[PDB]
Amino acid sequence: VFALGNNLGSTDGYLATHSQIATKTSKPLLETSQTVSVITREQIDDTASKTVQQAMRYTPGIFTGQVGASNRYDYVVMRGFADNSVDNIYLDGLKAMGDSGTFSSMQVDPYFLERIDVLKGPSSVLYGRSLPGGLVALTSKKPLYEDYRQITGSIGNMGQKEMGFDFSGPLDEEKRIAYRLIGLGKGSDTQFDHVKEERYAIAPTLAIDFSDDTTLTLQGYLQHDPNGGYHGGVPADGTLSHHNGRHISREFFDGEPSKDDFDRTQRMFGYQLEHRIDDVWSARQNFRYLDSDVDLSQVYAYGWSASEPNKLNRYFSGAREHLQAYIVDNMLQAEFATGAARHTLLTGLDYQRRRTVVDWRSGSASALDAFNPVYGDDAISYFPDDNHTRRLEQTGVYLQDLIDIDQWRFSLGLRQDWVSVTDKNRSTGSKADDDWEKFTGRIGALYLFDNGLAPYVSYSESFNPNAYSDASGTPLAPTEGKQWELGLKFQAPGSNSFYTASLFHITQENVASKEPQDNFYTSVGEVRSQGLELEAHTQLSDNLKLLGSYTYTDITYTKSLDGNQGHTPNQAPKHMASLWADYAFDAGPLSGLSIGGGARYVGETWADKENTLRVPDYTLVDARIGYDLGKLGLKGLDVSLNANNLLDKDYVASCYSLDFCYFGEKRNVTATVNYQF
């Protein structure tokens, strides 16, 4: 059974019925007063989404182009909040624990995942430090109680190859002990010259039921990326416009192949302990330890040379980082009635502790011709080293009551967080050290009509430690998010279809801002994001499945000291939409065959915060064809062909500023063979 900390419910095709993302306890999506999306394993496989970030491309309120084609980190911009977008990811109910002030952000390979859940808007009441756009919760594959065996292989353009396995089953005749073991090896050249991606990973899991009341699940996840793909950008000047009659190529590499390394090792161990005390009382402990090593060498472009016409100026970043992090969450839940009201009352204590030891290097590199570059001039003039030890501790105590009474579904939550952040500059010996407390709250009310229509309203809050520091090196006050949301969900009690609309108004306060003059930031900035999201899952008779989305987002610097007050953040489309369909033939000659595809639309974006130049809009097309060869008498064998960006559009995905613009992925074609046995 076991509601606490579990999604439960069911999924069919692309549609899940329940989640725990918004509540830390299984709750129908239809009866949850927040916007929640779920991306199923089937959707991930059918769209050939090769990373978490790419899996989100059909979900509303999410921009998946922050660094264009790069696959090194998962950047999920939610409701237009791009800053600290690498810190939006949770895994098995626990913050991933990367350090967004360093190069040590972790990445979870999609092959380990059963599903991806997305919660929109401020959500600190259950999770503590987090961003005002929302957060993403990955659920890993868990042990199965019947023998399961899959082997999978892929080949594609851009030198892509991948082999994986996924084995699961009971170890004892009683089916009380079950294992899963998943492994993978993959590689790609990318679109970019001289670049490699490569990964090897293994994830063992063991689940043991001590009785009907207790389950312990033991988890390991070991991942080695000896190469890190591409993570660079070039000027707007020759991408969004010609530069002396030319455009920089979408395959251009601005670095030095002899001095281009990204080596990331992620070692995780953890456990989940689920204990039913009573039909009333349940308790759960989720734990994860993380230890990672990252080594980086990168020569990158930064603007055009003032003396040499078609050459880009370049610089060098170098890093050796070691991250350690502990995270535990302790939950105790009472479910009980008091006359006509049912209460699901949760109390929790969570604890995060992170240390990141970083040795950073930087310098000046030789200039490079942006067309016809000549590689090999890799000498760096180094600038002064910059070594730090960065520490974070967060303790949270939280309370939530889900109250169902008649057709009303109410949610009430409060959390107190004690946060301590320290940054020891090991080069200079000086130490910044700060401590503070924050209280966050949430209130939701939803009315469930018996035809399956559910209007709701939610008020919800968030906070996050400020990435900036003041006139004394001491970090500014944490940023804060506050959101009003009004929504409507619909599922007809018949259907395997689900439809939602959400309207939102988010304010983020204490954002760092400064006059151009000054060197010190103050926490007087404010950002406002408001808009509309529409999501539709329409599934007809187990052979035609559709998903579609529309997003309207109006985000603005409502208070800024730097000249940009009233401007729109860059990397924030006002309009996005998407539509994906998949058709399976089930009888007749063609049976076993499936055809699918979709289109994604991203509206215009500002290339810069000064709002002087637009990144054009783009529409991308995806397609798939699958065949179950079991129909020719080889059960468990199937093949598929995918093409993302089928028309091979060559475009700029977004820009961070006028200096750094990113190309979108070219056409990506993969062929896959899956063997069950």
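One rule holds for the numbers: they count along the sequence shown, beginning at 1.
Mean C-alpha B-factor is higher over 210-218 than over the other stretch, the pair under comparison being 210-218 and 93-101. For the segment pair 41-49 and 28-36, the entry gives 41-49 the higher mean B-factor, averaged over Cα atoms.
The PDB entry assigns the greatest CA B-factor among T474, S282, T507, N71 to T474.
Per the deposited record, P257 carries the highest C-alpha B-factor of all listed residues (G363, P132, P110, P257). Per-chain ranking of the deposited C-alpha B factor places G65 in the middle third. Per the deposited record, the Cα B-factor of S640 falls in the highest third when ranked against the other modelled residues of its chain. The deposited CA B-factor of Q54 belongs to the middle third of values across its chain. In this PDB entry, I21 carries a Cα temperature factor that places it within the lowest third of its chain's modelled residues. In the deposited entry, the Cα temperature factor of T190 sits in the top third of values across the chain's modelled residues.
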